[PDB]
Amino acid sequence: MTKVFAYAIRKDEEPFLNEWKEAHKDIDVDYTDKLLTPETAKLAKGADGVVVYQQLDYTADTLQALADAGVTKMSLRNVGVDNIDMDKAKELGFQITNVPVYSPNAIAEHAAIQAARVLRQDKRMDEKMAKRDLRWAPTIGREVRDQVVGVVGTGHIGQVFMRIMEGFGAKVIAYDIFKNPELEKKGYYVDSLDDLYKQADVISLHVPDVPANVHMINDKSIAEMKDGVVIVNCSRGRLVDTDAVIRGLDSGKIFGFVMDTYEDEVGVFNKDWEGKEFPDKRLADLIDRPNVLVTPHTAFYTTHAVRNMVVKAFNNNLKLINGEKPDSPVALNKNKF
C-alpha cells in the first residue's frame, strides 16, 4: 500500500501508466481527468505524491488546496516548472520534480520530414489531388539528397537531425557556440553563421531562445541566404521575425517554411478556434500558405516521448513517495539555457 494520484492523464498516457503500475506491483495508483484544481486538489486524498501534467497554474492556493489533502509529493510529467507558486511552494516545503527529456528524436524526426515535404512540394501536389487534378507537372520536387542542410545548434536533438539528413545522403554543415570537440573533428563546423547562411539550402534551428538569438532570422539574416532557401524552426519561436520570413515568402526568396513554434503562439496555439472568430491572421495566412507547413508545437508529441513523459514521472515520484534520490529535482539550477 502506497498512493500516488495523477492529474491531467490523457488517454494516450493511460496505457503507459499501466505498464508502470503493471510492473510496480506494490504501489497504489489512481488518476483522473480534470486538471488539478484548487477544488480537485482534494481527491488526492491520502495518496503520497501527485503526478500531474499542466500548463494551467498551481496557484499558491491549489498548493494548500492539495497540501491539506495529505501530500507534499508532487512531480510534473512535463519539462515545465514556471507555472507553480515556487515561493509559496517552499513557504510550504513542497517537493516537485521535472521530467526534462522525452525523446529528442521525435523533434529531430519531425523537422526532417517537414523539411523534406517542403522540398518535395508535397502540399502543392496534395492540393491538386484533393481537387482531383491527378497530373504531376509541374509540381516537381527537389531531392533531400541534393541540398546543403545547415544545422544551427548541436545538442542531443540537433545531432539526430544531423544523422537523419546524413542518411538522405546530404551535406551537413553545423553551427554552435560550443564546438563539440567530436563533431568538429569530422569538419562539420563552419567558422560563423554568415557562412552557413549562404551555402545552406535548408536551415534548421536547434538552439535555445536566447536573448542573443532572439530574431536571428529576419530581414538581415535572410538577405544573406541563398535563393529558394527552406527555413525550419521547430525550436523556440522568437528566433524568427514572422513579418520578415513572410516578406521573403512574398518575394520568392524563401522557397518554403516550417513552423511548429510561433512567437505570438501562447494563447492561440492548442485552443479549438473552430466555430469561433479566428484570432490571429498572419498565423492564419501562414497556416494556409501552400509552401508553408504550420504545426502547433507537435515536434515532441509521440508514443515514445509520452511514455517517457508519464514514466520518467511515476518513477521520480515513486522515489519521492519512498524517500530516495530522484531525477532532476525541482530547482534544476542552471541546467537550463
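From 1 onward, residues are counted along the sequence shown.
- Comparing 107-115 with 144-152, the stretch with the higher mean C-alpha B-factor in the PDB entry is 144-152.
- The deposited model assigns a higher average Cα B-factor to 249-257 than to the other stretch when 157-165 and 249-257 are compared.
- Between the residues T40, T303, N270, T298, it is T40 that shows the highest Cα B-factor in the PDB record.
- Across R124, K198, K171, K90, the entry's maximum B-factor at the CA atom is seen for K90.
- Per the PDB record, residue ranking by Cα B-factor puts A65 in the highest third of the chain.
- In the deposited entry, the Cα temperature factor of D191 places it in the middle third of its chain's modelled residues.
- When all modelled residues of the chain are sorted by CA temperature factor, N83 is found within the highest third.
- In the deposited entry, the Cα temperature factor of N308 places it in the middle third of its chain's modelled residues.
- Compared with the other modelled residues of the chain, the Cα B-factor recorded for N233 ranks in the lowest third.
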